[PDB]
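Enquirer: Below are the structure tokens for one structure; questions will follow.
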Amino acid sequence: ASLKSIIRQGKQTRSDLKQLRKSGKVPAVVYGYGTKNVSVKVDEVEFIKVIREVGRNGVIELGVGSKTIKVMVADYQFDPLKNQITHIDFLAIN
Amino acid sequence: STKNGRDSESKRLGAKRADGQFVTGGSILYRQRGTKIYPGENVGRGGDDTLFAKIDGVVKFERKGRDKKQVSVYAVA
Amino acid sequence: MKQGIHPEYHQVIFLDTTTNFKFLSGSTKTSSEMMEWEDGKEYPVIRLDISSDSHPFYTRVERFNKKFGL
Amino acid sequence: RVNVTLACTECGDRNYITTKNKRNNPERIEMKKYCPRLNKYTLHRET
Amino acid sequence: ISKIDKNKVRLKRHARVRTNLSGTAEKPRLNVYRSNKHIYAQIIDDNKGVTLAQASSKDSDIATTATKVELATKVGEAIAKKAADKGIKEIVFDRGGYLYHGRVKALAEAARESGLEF
Amino acid sequence: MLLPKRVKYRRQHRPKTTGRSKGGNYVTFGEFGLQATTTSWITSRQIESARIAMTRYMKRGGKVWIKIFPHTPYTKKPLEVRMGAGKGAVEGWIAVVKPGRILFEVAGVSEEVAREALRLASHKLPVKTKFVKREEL
Amino acid sequence: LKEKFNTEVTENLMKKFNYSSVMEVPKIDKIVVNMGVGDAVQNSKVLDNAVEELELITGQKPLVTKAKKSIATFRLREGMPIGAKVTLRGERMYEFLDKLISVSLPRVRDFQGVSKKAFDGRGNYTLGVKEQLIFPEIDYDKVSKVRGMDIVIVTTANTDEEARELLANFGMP
RNA sequence: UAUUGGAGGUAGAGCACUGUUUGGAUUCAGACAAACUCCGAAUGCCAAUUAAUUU
RNA sequence: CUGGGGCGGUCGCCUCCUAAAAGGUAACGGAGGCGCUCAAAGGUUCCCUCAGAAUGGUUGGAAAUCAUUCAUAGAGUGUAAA
RNA sequence: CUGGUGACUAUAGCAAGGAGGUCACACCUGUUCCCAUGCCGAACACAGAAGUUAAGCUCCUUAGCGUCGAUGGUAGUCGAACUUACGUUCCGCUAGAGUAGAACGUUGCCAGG
């Protein structure tokens, strides 16, 4: 339950969302009650391990920016033909 | 040969005037079958569902209920 | 009730033997056999019956021995 | 199913043209319509 | 068995009549409403939706004991005069959702002789 | 041998083959499946070759799911004829598989028998395929 | 009689069901006399006679029902009047119950009456008939075809059991 | 061309309706459609300007 | 007229799809209708509201008519479709 | 506050649960009169005021069912540039579904309290 992320700026062009998925990065959003919406970019190889035996529905202390809000994977978005995660929703729990 | 060569020389239905445009007293605003659009203020319905203005003014398309709509004509000075 | 449509009726003569409950009516029309003044039970047909007295709900081996002696 | 002519009964003759089914109305039809020579509603018999 | 409400059955018989409702501020509509001992007139202009003159059967001036049809004729006479003071002379009468019979021919024949045109 | 028992129109246009599959992209009834990484028409006579082939190999282990149904008919003109005097008569029933779709399902056997039963299947098919397990995480 | 219906409320109904209001008590609302088919191919004189029965068992010209379904494979279609019905509501609807509960008792040839489980979950008997018990003024000399009526006594009850307690007065269940 | 308002059901997508379908116990999951639609673009189109540019 | 000509099929009118959310848009492309009917099946003023499913009931054609309840729209709209 | 009457894309609705009563609204009592039921004073109309808050009606909590609904990301596309591939790349516009969530109505005029 230890996954640190980065905040991505506003109005991401179509190419530069395709440039970071070429790396081990995946877009993601953070919503819920306790904090408003944030466009966040977490890493691929660190997300799978943190979710490896934390469970499909477990608590992840996601350090967004300088805070650390305990969240839960609301839904994922997958590419079955390439075997990749393309986007993740993080639901902030109170 | 076949059985399938037929069709009718069909009809130039649809909107004949535009929203916000000025129209005279007997202008045809919309040519339909049934009522996709319904008469509002100062417009009447013909015998084959034709919508026509009844006064000189400007055309307005607006919502009527859940999923209905009407036309109108106003009398801008 | 309209005028002329409905059939002709009257307080029927329900003075039968079963307590003579003549509080009914009907198109039954005949000679007024018994016309009492307590309750209208004069004309139509009814002076007795076994209806309200004994209702259907509220109303071999032996042969052998009998024939011989056993 | 035929064609019929409605002729005025006093103003004299033909004003209107109609149709009829001669199995359902075998007689001569009767209708009050506007005679424009009398300027007045009258009765019209089928010719 | 189930009972039918007599209000909803006439509130739907009325929306279908007020598709030619026109209180236009020069020829408003004269409303009516019956409860059981209660005739309620009213006059409204539909272009703006404001009441111009109201007279009911429970007012102190019309508090009497009558047949409710000899009393309804005193409810059309009341509002017919208050409409006279408002400079209104021609109205269009909507019967609510009720049959025009008994109570209402009295409320209309009483208002149609007091000068109101309709 | 598969086909719909009814149809309202048997002369239809032909399906569009560009794009990606919309439905049937994951395994949801068995443990293993056969994915398609190429576009083509599966013709309902080559779905029976591939069912019999992978069925015979397993020898009554689990069961299979045919996740594709041949729904669209296609026509053909009578051999040597000139061009254009109407449309030809129905000649077969096809489905349309785009890259992504799962074609078959197995369960109740091992991965070492599943990888081999679905390998005989894909040699009866005109698409390039691939083996997959149930997605998680 | 009818006034006994007023005493029947506090008789057992006011105490059995324990209703907190006099207005929450059962009551008989109406009764129907739906006769039957009278096959409209050769029965133009059947319903002309059967209509005389219900008109005789109750004083009201019953309305003749017209079949509204185009049932093929049968002599029926939209039109073709093939039924008769008569409604009784007021005090007359109380007479036609006492005249049945007091005349159809022994003239039924049935121990348990007509049925014990007739409550349709909505308070309606819908019993049978043999054309002899009812129509006591209709003797066995006038007509020949003996038919079975259908008296559906719709009541203001709210449960199957209440129709049993309410219909206890002059009933054999 | 910029702004603003409109009419119109296409691509996609969805099974709420008409048809077509796989597997379990009228439901719980999965699919299909030119002549299916609870939805629904990008563009084109008809007009307004008390806006720029050019003919 | 015509994937040469010919046979077969086609010629005037109406509805749908093809038709690429205005309108229009071809082929011997895919599907169906018309050449009438109604003296009320037109005008008007009042009132009314469905098919179907359970239930319980002499008929039962499982399926007539009768009653209660859930029915939003699955009925009806003379005649093809929209 | 209650009532009459309009305006609002159901955020307004279904559903279950619970309170309420002579200034009201209703059931309710009757058929002589106006009028009435293709049979029935059920409905409609009228004449009435014994009985009741049970029902309708109104009021109050509930998010089960419907309705409403972002952001982020995707499909699909206008234009451009590469290409002949069931295509790639760049830029703009951007769904549907699905989530977090909103929500058991706002509002005008009149008459009473």
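The way I read the labels, and the way they are meant: chains A, B, ... in the order of the structure tokens, residue 1 as the first residue of every chain, and ligand 1 as the first ligand shown, with later ones counted on from there.
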Near chain J, which residues of chain F fall within 7 Å when you count only C-alpha atoms (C1' of nucleotides), and what do they look like as a VMD selection string?

Expert: chain F and resid 17 to 18 39

Enquirer: Specify as an mmCIF file with N, CA and C atoms, in the first residue's frame all residues of chain E found within 12 Å of chain G, counting only C-alpha atoms.

Expert:
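And here is the file that came out, result.cif:
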```cif
data_model
loop_
_atom_site.group_PDB
_atom_site.id
_atom_site.type_symbol
_atom_site.label_atom_id
_atom_site.label_comp_id
_atom_site.auth_asym_id
_atom_site.auth_seq_id
_atom_site.Cartn_x
_atom_site.Cartn_y
_atom_site.Cartn_z
ATOM 1 N N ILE E 1 -62.882 -4.423 -4.445
ATOM 2 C CA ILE E 1 -63.278 -3.280 -5.257
ATOM 3 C C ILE E 1 -62.415 -2.074 -4.918
ATOM 4 N N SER E 2 -62.342 -1.118 -5.840
ATOM 5 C CA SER E 2 -61.573 0.102 -5.647
ATOM 6 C C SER E 2 -62.428 1.314 -5.985
ATOM 7 N N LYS E 3 -62.248 2.387 -5.221
ATOM 8 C CA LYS E 3 -63.009 3.611 -5.413
ATOM 9 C C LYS E 3 -62.271 4.550 -6.356
#
```

Enquirer: Sort by chain and increasing residue number a table of all residues of chain H within 7 Å of chain B, each with its closest pair of atoms and their distance in Å to one decimal, counting only C-alpha atoms (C1' of nucleotides), and write it as a tab-separated table.

Expert:
```
residue	atom	partner	partner_atom	distance
H:5	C1'	B:19	CA	6.7
H:6	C1'	B:19	CA	5.0
H:7	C1'	B:15	CA	6.1
H:46	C1'	B:18	CA	5.6
H:47	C1'	B:18	CA	5.5
H:48	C1'	B:20	CA	6.8
```

Enquirer: Write a file of the selected residues as a PDB file, in the first residue's frame, keeping N, CA and C atoms (P, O5', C5', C4', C3', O3' and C1' of nucleotides).

Expert:
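For reference, selection_3.pdb as written:
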```
ATOM      1  P     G H   5     -25.666  29.568 -28.746  1.00  0.00           P
ATOM      2  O5'   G H   5     -27.015  29.423 -29.575  1.00  0.00           O
ATOM      3  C5'   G H   5     -28.065  30.359 -29.406  1.00  0.00           C
ATOM      4  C4'   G H   5     -29.136  30.214 -30.457  1.00  0.00           C
ATOM      5  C3'   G H   5     -29.514  28.804 -30.854  1.00  0.00           C
ATOM      6  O3'   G H   5     -30.320  28.150 -29.892  1.00  0.00           O
ATOM      7  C1'   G H   5     -29.334  30.140 -32.785  1.00  0.00           C
ATOM      8  P     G H   6     -30.763  26.626 -30.109  1.00  0.00           P
ATOM      9  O5'   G H   6     -31.880  26.737 -31.230  1.00  0.00           O
ATOM     10  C5'   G H   6     -32.430  25.583 -31.825  1.00  0.00           C
ATOM     11  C4'   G H   6     -32.761  25.835 -33.264  1.00  0.00           C
ATOM     12  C3'   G H   6     -32.859  24.601 -34.129  1.00  0.00           C
ATOM     13  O3'   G H   6     -34.106  23.956 -33.994  1.00  0.00           O
ATOM     14  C1'   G H   6     -31.574  26.239 -35.233  1.00  0.00           C
ATOM     15  P     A H   7     -34.184  22.484 -33.375  1.00  0.00           P
ATOM     16  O5'   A H   7     -34.528  21.584 -34.636  1.00  0.00           O
ATOM     17  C5'   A H   7     -35.623  21.912 -35.471  1.00  0.00           C
ATOM     18  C4'   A H   7     -35.334  21.590 -36.909  1.00  0.00           C
ATOM     19  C3'   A H   7     -34.861  20.178 -37.196  1.00  0.00           C
ATOM     20  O3'   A H   7     -35.925  19.249 -37.273  1.00  0.00           O
ATOM     21  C1'   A H   7     -33.483  21.718 -38.326  1.00  0.00           C
ATOM     22  P     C H  46     -26.950  26.176 -47.492  1.00  0.00           P
ATOM     23  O5'   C H  46     -28.203  26.756 -46.705  1.00  0.00           O
ATOM     24  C5'   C H  46     -29.443  26.068 -46.676  1.00  0.00           C
ATOM     25  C4'   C H  46     -30.360  26.643 -45.631  1.00  0.00           C
ATOM     26  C3'   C H  46     -30.194  28.123 -45.370  1.00  0.00           C
ATOM     27  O3'   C H  46     -30.850  28.917 -46.340  1.00  0.00           O
ATOM     28  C1'   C H  46     -30.297  26.975 -43.313  1.00  0.00           C
ATOM     29  P     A H  47     -30.598  30.496 -46.397  1.00  0.00           P
ATOM     30  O5'   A H  47     -31.115  31.002 -44.984  1.00  0.00           O
ATOM     31  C5'   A H  47     -30.784  32.288 -44.511  1.00  0.00           C
ATOM     32  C4'   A H  47     -31.078  32.435 -43.044  1.00  0.00           C
ATOM     33  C3'   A H  47     -30.475  33.667 -42.409  1.00  0.00           C
ATOM     34  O3'   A H  47     -31.280  34.802 -42.645  1.00  0.00           O
ATOM     35  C1'   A H  47     -30.071  31.777 -41.039  1.00  0.00           C
ATOM     36  P     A H  48     -30.714  36.274 -42.395  1.00  0.00           P
ATOM     37  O5'   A H  48     -30.779  36.418 -40.815  1.00  0.00           O
ATOM     38  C5'   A H  48     -30.760  37.688 -40.200  1.00  0.00           C
ATOM     39  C4'   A H  48     -30.116  37.617 -38.847  1.00  0.00           C
ATOM     40  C3'   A H  48     -28.900  38.499 -38.659  1.00  0.00           C
ATOM     41  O3'   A H  48     -29.255  39.835 -38.363  1.00  0.00           O
ATOM     42  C1'   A H  48     -28.438  36.333 -37.844  1.00  0.00           C
TER      43        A H  48
END
```

Enquirer: Within 8 Å of residue E:21, counting only C-alpha atoms (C1' of nucleotides), which residues qualify if same-chain residues fewer than 4 places away don't, as number ranges by chain?

Expert: E: 17, 29, 46, 94

Enquirer: Export N, CA, C and O atoms of the chosen residues as a compact mmCIF listing (two decimals), in the first residue's frame?

Expert:
```
# COMPACT_ATOMS: atom_id res chain seq x y z
N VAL E 17 -59.98 20.38 -21.84
CA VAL E 17 -60.77 21.54 -22.22
C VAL E 17 -59.93 22.81 -22.29
O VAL E 17 -60.20 23.65 -23.16
N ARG E 29 -60.83 34.17 -18.72
CA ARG E 29 -61.64 32.98 -18.51
C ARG E 29 -62.25 32.99 -17.12
O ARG E 29 -61.59 33.32 -16.14
N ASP E 46 -54.62 34.56 -18.87
CA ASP E 46 -53.70 33.44 -19.04
C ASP E 46 -52.37 33.88 -19.64
O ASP E 46 -51.37 33.17 -19.53
N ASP E 94 -65.07 28.73 -18.98
CA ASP E 94 -64.70 27.33 -18.93
C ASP E 94 -65.44 26.70 -17.76
O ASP E 94 -65.44 27.23 -16.65
```

Enquirer: Kindly provide, as an MDAnalysis selection string, the residues of chain B having any atom no farther than 10 Å from an atom of chain F, counting only C-alpha atoms.

Expert: chainID B and resid 1:4

Enquirer: Which residues, written as number ranges by chain, have at least one atom at most 9 Å from residue E:34, with only C-alpha atoms (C1' of nucleotides) counted and residues fewer than 4 positions away on the same chain left out?

Expert: E: 38-40, 96, 98, 103

Enquirer: Can you measure atom CA of residue D:29 to atom CA of residue G:79 for me? One decimal in Å is fine.

Expert: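 Interatomic distance here is 29.0 Å.
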
Enquirer: Could you list, as a PyMOL selection string, the residues of chain J having an atom within 10 Å of chain G when counting only C-alpha atoms (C1' of nucleotides)?

Expert: chain J and resi 27-28+38-42+51-55

Enquirer: For C-alpha atoms (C1' of nucleotides), I'd like the residues from the last selection saved as a PDB file, in the first residue's frame.

Expert:
```pdb
ATOM      1  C1'   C J  27     -66.266   9.420   2.001  1.00  0.00           C
ATOM      2  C1'   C J  28     -71.507   9.290   3.888  1.00  0.00           C
ATOM      3  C1'   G J  38     -76.995   0.835 -24.641  1.00  0.00           C
ATOM      4  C1'   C J  39     -79.285  -3.328 -17.380  1.00  0.00           C
ATOM      5  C1'   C J  40     -77.741  -0.833 -12.155  1.00  0.00           C
ATOM      6  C1'   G J  41     -78.970   6.854  -8.311  1.00  0.00           C
ATOM      7  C1'   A J  42     -72.138   2.534  -9.377  1.00  0.00           C
ATOM      8  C1'   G J  51     -71.875   8.679  11.210  1.00  0.00           C
ATOM      9  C1'   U J  52     -65.996   8.552  10.332  1.00  0.00           C
ATOM     10  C1'   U J  53     -60.256   9.851   9.488  1.00  0.00           C
ATOM     11  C1'   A J  54     -60.854   3.664   7.632  1.00  0.00           C
ATOM     12  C1'   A J  55     -59.912   5.247   2.180  1.00  0.00           C
TER      13        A J  55
END
```

Enquirer: Residues of chain E were defined as contacting chain J if any atom lay at most 10 Å from it, counting only C-alpha atoms (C1' of nucleotides); please report them as a PDB file with N, CA and C atoms, in the first residue's frame.

Expert:
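Output below, filename iface-v6.pdb:
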```pdb
ATOM      1  N   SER E   2     -62.342  -1.118  -5.840  1.00  0.00           N
ATOM      2  CA  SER E   2     -61.573   0.102  -5.647  1.00  0.00           C
ATOM      3  C   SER E   2     -62.428   1.314  -5.985  1.00  0.00           C
ATOM      4  N   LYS E   3     -62.248   2.387  -5.221  1.00  0.00           N
ATOM      5  CA  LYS E   3     -63.009   3.611  -5.413  1.00  0.00           C
ATOM      6  C   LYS E   3     -62.271   4.550  -6.356  1.00  0.00           C
ATOM      7  N   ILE E   4     -63.033   5.297  -7.146  1.00  0.00           N
ATOM      8  CA  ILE E   4     -62.469   6.289  -8.053  1.00  0.00           C
ATOM      9  C   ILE E   4     -62.557   7.657  -7.396  1.00  0.00           C
ATOM     10  N   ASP E   5     -61.469   8.416  -7.467  1.00  0.00           N
ATOM     11  CA  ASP E   5     -61.504   9.794  -7.012  1.00  0.00           C
ATOM     12  C   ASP E   5     -62.241  10.655  -8.026  1.00  0.00           C
ATOM     13  N   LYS E   6     -63.162  11.471  -7.528  1.00  0.00           N
ATOM     14  CA  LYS E   6     -63.949  12.346  -8.377  1.00  0.00           C
ATOM     15  C   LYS E   6     -63.242  13.651  -8.684  1.00  0.00           C
ATOM     16  N   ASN E   7     -62.088  13.904  -8.076  1.00  0.00           N
ATOM     17  CA  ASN E   7     -61.332  15.099  -8.417  1.00  0.00           C
ATOM     18  C   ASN E   7     -60.389  14.829  -9.579  1.00  0.00           C
ATOM     19  N   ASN E  31     -63.482  30.842 -14.216  1.00  0.00           N
ATOM     20  CA  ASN E  31     -63.307  29.517 -13.648  1.00  0.00           C
ATOM     21  C   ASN E  31     -64.456  29.186 -12.702  1.00  0.00           C
ATOM     22  N   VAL E  32     -64.582  27.899 -12.376  1.00  0.00           N
ATOM     23  CA  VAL E  32     -65.539  27.428 -11.380  1.00  0.00           C
ATOM     24  C   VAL E  32     -64.959  26.192 -10.712  1.00  0.00           C
ATOM     25  N   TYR E  33     -65.406  25.932  -9.486  1.00  0.00           N
ATOM     26  CA  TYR E  33     -64.942  24.770  -8.746  1.00  0.00           C
ATOM     27  C   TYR E  33     -65.967  24.406  -7.681  1.00  0.00           C
ATOM     28  N   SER E  35     -66.964  21.872  -4.498  1.00  0.00           N
ATOM     29  CA  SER E  35     -66.543  20.779  -3.632  1.00  0.00           C
ATOM     30  C   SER E  35     -67.700  19.877  -3.222  1.00  0.00           C
ATOM     31  N   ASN E  36     -68.507  20.309  -2.255  1.00  0.00           N
ATOM     32  CA  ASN E  36     -69.761  19.633  -1.942  1.00  0.00           C
ATOM     33  C   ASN E  36     -70.800  20.642  -1.477  1.00  0.00           C
ATOM     34  N   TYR E  40     -66.982  28.031  -6.336  1.00  0.00           N
ATOM     35  CA  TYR E  40     -65.849  28.949  -6.273  1.00  0.00           C
ATOM     36  C   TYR E  40     -65.620  29.499  -7.675  1.00  0.00           C
ATOM     37  N   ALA E  41     -66.001  30.751  -7.891  1.00  0.00           N
ATOM     38  CA  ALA E  41     -65.710  31.390  -9.160  1.00  0.00           C
ATOM     39  C   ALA E  41     -64.345  32.063  -9.108  1.00  0.00           C
ATOM     40  N   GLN E  42     -63.872  32.482 -10.274  1.00  0.00           N
ATOM     41  CA  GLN E  42     -62.589  33.158 -10.386  1.00  0.00           C
ATOM     42  C   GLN E  42     -62.437  33.639 -11.817  1.00  0.00           C
ATOM     43  N   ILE E  43     -61.631  34.677 -12.004  1.00  0.00           N
ATOM     44  CA  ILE E  43     -61.370  35.220 -13.331  1.00  0.00           C
ATOM     45  C   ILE E  43     -59.878  35.491 -13.457  1.00  0.00           C
ATOM     46  N   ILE E  44     -59.264  34.951 -14.512  1.00  0.00           N
ATOM     47  CA  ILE E  44     -57.817  34.913 -14.662  1.00  0.00           C
ATOM     48  C   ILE E  44     -57.467  35.350 -16.078  1.00  0.00           C
ATOM     49  N   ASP E  45     -56.285  35.949 -16.225  1.00  0.00           N
ATOM     50  CA  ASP E  45     -55.718  36.269 -17.532  1.00  0.00           C
ATOM     51  C   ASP E  45     -54.532  35.347 -17.790  1.00  0.00           C
ATOM     52  N   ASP E  46     -54.616  34.564 -18.868  1.00  0.00           N
ATOM     53  CA  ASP E  46     -53.698  33.443 -19.042  1.00  0.00           C
ATOM     54  C   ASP E  46     -52.369  33.885 -19.641  1.00  0.00           C
ATOM     55  N   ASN E  47     -52.338  35.052 -20.287  1.00  0.00           N
ATOM     56  CA  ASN E  47     -51.065  35.559 -20.791  1.00  0.00           C
ATOM     57  C   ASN E  47     -50.101  35.923 -19.673  1.00  0.00           C
ATOM     58  N   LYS E  48     -50.610  36.218 -18.479  1.00  0.00           N
ATOM     59  CA  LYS E  48     -49.792  36.601 -17.343  1.00  0.00           C
ATOM     60  C   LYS E  48     -50.045  35.763 -16.104  1.00  0.00           C
ATOM     61  N   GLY E  49     -51.208  35.128 -15.993  1.00  0.00           N
ATOM     62  CA  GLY E  49     -51.505  34.282 -14.858  1.00  0.00           C
ATOM     63  C   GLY E  49     -51.636  35.046 -13.559  1.00  0.00           C
ATOM     64  N   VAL E  50     -52.655  35.897 -13.468  1.00  0.00           N
ATOM     65  CA  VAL E  50     -52.960  36.641 -12.255  1.00  0.00           C
ATOM     66  C   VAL E  50     -54.472  36.721 -12.122  1.00  0.00           C
ATOM     67  N   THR E  51     -54.957  36.574 -10.893  1.00  0.00           N
ATOM     68  CA  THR E  51     -56.391  36.617 -10.645  1.00  0.00           C
ATOM     69  C   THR E  51     -56.871  38.054 -10.512  1.00  0.00           C
ATOM     70  N   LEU E  52     -57.970  38.362 -11.197  1.00  0.00           N
ATOM     71  CA  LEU E  52     -58.515  39.711 -11.272  1.00  0.00           C
ATOM     72  C   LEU E  52     -59.690  39.933 -10.326  1.00  0.00           C
ATOM     73  N   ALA E  53     -60.489  38.900 -10.071  1.00  0.00           N
ATOM     74  CA  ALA E  53     -61.648  39.054  -9.204  1.00  0.00           C
ATOM     75  C   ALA E  53     -62.203  37.700  -8.785  1.00  0.00           C
ATOM     76  N   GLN E  54     -62.292  37.459  -7.482  1.00  0.00           N
ATOM     77  CA  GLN E  54     -62.709  36.168  -6.954  1.00  0.00           C
ATOM     78  C   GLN E  54     -63.923  36.345  -6.056  1.00  0.00           C
ATOM     79  N   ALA E  55     -64.877  35.422  -6.163  1.00  0.00           N
ATOM     80  CA  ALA E  55     -66.052  35.385  -5.301  1.00  0.00           C
ATOM     81  C   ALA E  55     -66.454  33.937  -5.080  1.00  0.00           C
ATOM     82  N   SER E  56     -66.598  33.537  -3.821  1.00  0.00           N
ATOM     83  CA  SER E  56     -66.899  32.157  -3.463  1.00  0.00           C
ATOM     84  C   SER E  56     -68.199  32.078  -2.667  1.00  0.00           C
ATOM     85  N   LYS E  58     -68.429  30.658   0.394  1.00  0.00           N
ATOM     86  CA  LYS E  58     -68.170  30.693   1.823  1.00  0.00           C
ATOM     87  C   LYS E  58     -67.987  32.109   2.351  1.00  0.00           C
ATOM     88  N   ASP E  59     -67.959  33.107   1.471  1.00  0.00           N
ATOM     89  CA  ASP E  59     -67.853  34.493   1.895  1.00  0.00           C
ATOM     90  C   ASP E  59     -69.047  34.874   2.764  1.00  0.00           C
ATOM     91  N   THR E  67     -80.664  25.989  -1.513  1.00  0.00           N
ATOM     92  CA  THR E  67     -80.572  24.676  -2.136  1.00  0.00           C
ATOM     93  C   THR E  67     -79.188  24.364  -2.691  1.00  0.00           C
ATOM     94  N   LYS E  68     -78.265  25.324  -2.688  1.00  0.00           N
ATOM     95  CA  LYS E  68     -76.950  25.295  -3.318  1.00  0.00           C
ATOM     96  C   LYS E  68     -77.054  25.501  -4.827  1.00  0.00           C
ATOM     97  N   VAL E  69     -78.250  25.454  -5.407  1.00  0.00           N
ATOM     98  CA  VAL E  69     -78.468  25.904  -6.769  1.00  0.00           C
ATOM     99  C   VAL E  69     -79.166  27.255  -6.809  1.00  0.00           C
ATOM    100  N   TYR E  98     -66.685  19.962 -15.302  1.00  0.00           N
ATOM    101  CA  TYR E  98     -68.024  19.532 -14.944  1.00  0.00           C
ATOM    102  C   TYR E  98     -68.999  19.760 -16.091  1.00  0.00           C
ATOM    103  N   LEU E  99     -70.057  18.959 -16.098  1.00  0.00           N
ATOM    104  CA  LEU E  99     -71.155  19.181 -17.020  1.00  0.00           C
ATOM    105  C   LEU E  99     -71.789  20.538 -16.751  1.00  0.00           C
ATOM    106  N   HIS E 101     -74.696  21.967 -16.168  1.00  0.00           N
ATOM    107  CA  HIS E 101     -76.042  21.591 -15.777  1.00  0.00           C
ATOM    108  C   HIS E 101     -76.229  21.903 -14.302  1.00  0.00           C
ATOM    109  N   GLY E 102     -77.456  22.259 -13.937  1.00  0.00           N
ATOM    110  CA  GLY E 102     -77.776  22.506 -12.547  1.00  0.00           C
ATOM    111  C   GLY E 102     -77.029  23.672 -11.938  1.00  0.00           C
ATOM    112  N   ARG E 103     -76.037  23.360 -11.100  1.00  0.00           N
ATOM    113  CA  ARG E 103     -75.311  24.374 -10.343  1.00  0.00           C
ATOM    114  C   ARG E 103     -74.694  25.442 -11.233  1.00  0.00           C
TER     115      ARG E 103
END
```

Enquirer: Could you name the residues that touch residue B:45 at 12 Å or less, counting only C-alpha atoms (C1' of nucleotides), but leaving out those on the same chain fewer than 5 positions away, as a list in words?

Expert: residues 26, 27, 28, 29, 30, 31, 32, 33, 34, 35, 37, 38, 39, 40, 50, 51, 52, 53, 54, 70, 71 and 72 of chain B

Enquirer: Print the selection's residues with N, CA and C atoms to a file, as a short mmCIF file (atom, residue, chain, number, x, y, z; two decimals), in the first residue's frame.

Expert:
```cif
data_model
loop_
_atom_site.label_atom_id
_atom_site.label_comp_id
_atom_site.auth_asym_id
_atom_site.auth_seq_id
_atom_site.Cartn_x
_atom_site.Cartn_y
_atom_site.Cartn_z
N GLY B 26 -47.94 33.78 -45.20
CA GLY B 26 -48.39 32.46 -45.59
C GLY B 26 -47.27 31.49 -45.87
N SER B 27 -46.12 31.72 -45.26
CA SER B 27 -44.93 30.95 -45.56
C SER B 27 -45.02 29.56 -44.96
N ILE B 28 -44.56 28.57 -45.73
CA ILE B 28 -44.47 27.21 -45.24
C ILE B 28 -43.18 27.05 -44.46
N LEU B 29 -43.29 26.65 -43.19
CA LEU B 29 -42.14 26.54 -42.31
C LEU B 29 -41.59 25.13 -42.21
N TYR B 30 -42.41 24.11 -42.43
CA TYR B 30 -41.99 22.72 -42.23
C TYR B 30 -42.96 21.76 -42.90
N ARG B 31 -42.44 20.84 -43.70
CA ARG B 31 -43.24 19.89 -44.48
C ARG B 31 -42.97 18.49 -43.95
N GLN B 32 -43.99 17.87 -43.38
CA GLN B 32 -43.84 16.63 -42.63
C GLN B 32 -45.00 15.69 -42.96
N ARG B 33 -44.95 14.50 -42.36
CA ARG B 33 -46.07 13.57 -42.31
C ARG B 33 -46.25 13.14 -40.87
N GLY B 34 -47.42 13.42 -40.31
CA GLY B 34 -47.63 13.28 -38.89
C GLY B 34 -47.30 14.59 -38.22
N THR B 35 -46.72 14.55 -37.02
CA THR B 35 -46.15 15.74 -36.40
C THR B 35 -44.85 15.37 -35.71
N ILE B 37 -42.90 17.88 -35.60
CA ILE B 37 -42.91 19.21 -35.01
C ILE B 37 -44.36 19.69 -35.02
N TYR B 38 -44.72 20.45 -34.04
CA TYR B 38 -46.08 20.81 -33.71
C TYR B 38 -46.28 22.32 -33.80
N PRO B 39 -47.47 22.80 -34.16
CA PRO B 39 -47.66 24.24 -34.30
C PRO B 39 -47.68 24.95 -32.96
N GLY B 40 -46.95 26.05 -32.88
CA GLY B 40 -46.91 26.84 -31.66
C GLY B 40 -47.81 28.05 -31.73
N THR B 50 -48.82 20.17 -42.88
CA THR B 50 -47.92 21.27 -43.19
C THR B 50 -48.02 22.36 -42.13
N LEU B 51 -46.87 22.88 -41.72
CA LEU B 51 -46.78 23.95 -40.74
C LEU B 51 -46.49 25.26 -41.45
N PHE B 52 -47.32 26.28 -41.22
CA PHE B 52 -47.20 27.54 -41.94
C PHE B 52 -47.42 28.71 -41.00
N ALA B 53 -46.70 29.79 -41.26
CA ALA B 53 -46.82 31.01 -40.48
C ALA B 53 -48.15 31.69 -40.75
N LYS B 54 -48.62 32.45 -39.77
CA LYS B 54 -49.89 33.16 -39.88
C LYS B 54 -49.74 34.66 -39.70
N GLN B 70 -42.04 22.42 -31.02
CA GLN B 70 -42.99 23.23 -31.76
C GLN B 70 -42.23 24.32 -32.50
N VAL B 71 -42.94 25.01 -33.39
CA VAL B 71 -42.38 26.20 -34.01
C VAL B 71 -43.27 27.35 -33.56
N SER B 72 -42.90 28.57 -33.88
CA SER B 72 -43.68 29.73 -33.50
C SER B 72 -43.39 30.83 -34.51
#
```
